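Below you will find one chain, with nothing else, as structure tokens; this is the form deposited in one PDB entry, and questions on how it binds or moves follow later.
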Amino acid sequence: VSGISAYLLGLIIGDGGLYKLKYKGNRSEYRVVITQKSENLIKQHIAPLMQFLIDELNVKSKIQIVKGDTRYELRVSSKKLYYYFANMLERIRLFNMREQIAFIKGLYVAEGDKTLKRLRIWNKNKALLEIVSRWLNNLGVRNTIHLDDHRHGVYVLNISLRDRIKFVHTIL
């Protein structure tokens, strides 16, 4: 439950998001989203995990899977769920060991090279990557961070190559 949550939040941060969207007038909608190219990844892997959490937290919201062109989206319009993840992201620094690994696994599953020829994680939020970088060093995986897209300020986290097995070995 702690691992699942951290994992899902890694997926949401990697490629998805937490949104408060306008419905009508001053009413807003609290939407938790996770995008993944592969329909079955969401279908046979991510949905089950979210359903469990959803049910564990007593969110009456249902999961909806929308197919955009090329990619799929998993949505859950829930104020409680949105906030549940909001606080998790606030106290990320207090993440325990099992949560840190889970978080990192979702971050790489979100936008990482499934081929493992390239081991990178990208984010416009440097401060988050650095706390991730420290989590990796702590598990003995060598890694580097450096501004990738300067115009849009997107930093990249690279896992040293002489530590590829170490990474898959530690995050699994």
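Sequential numbering from 1, following the sequence displayed. Note that the rigid core is defined as the largest set of C-alphas that superpose within 1.5 Å between two forms.
J.: Would you mind comparing 22-30 and 61-69 for me and telling me which has the higher average C-alpha temperature factor in the entry?
T.: The entry gives the higher C-alpha B-factor average to 22-30.
J.: For the higher mean C-alpha B factor in the entry, choose 133-141 or 117-125.
T.: Per the deposited B-factors, the answer is 117-125.
J.: Looking at the entry's B-factor column for C-alpha atoms only, identify whether residue 89 ranks in the lowest, middle or highest third of its chain.
T.: It belongs to the middle third of the chain when residues are ordered by C-alpha B-factor.
J.: Which third of the chain does residue 159 land in by C-alpha B-factor: lowest, middle or highest?
T.: Residue 159: CA B-factor falls in the middle third of its chain.
J.: Rank-wise, by C-alpha B-factor, drop residue 49 into the lowest, middle or highest third of its chain.
T.: Lowest third.
J.: Lowest, middle or highest third: which one holds residue 42 when the chain's residues are ordered by CA B-factor from the entry?
T.: Middle third - that is where residue 42 ends up once the chain's C-alpha B-factors are sorted.
One more form of this protein should be noted, the form deposited in another entry, which is absent from this view; the next part is about it.
J.: Checking residue 17 here: with the core superposed, does its CA move 2 Å or more between this form and the one not shown?
T.: Shift of 2 Å or more: no.
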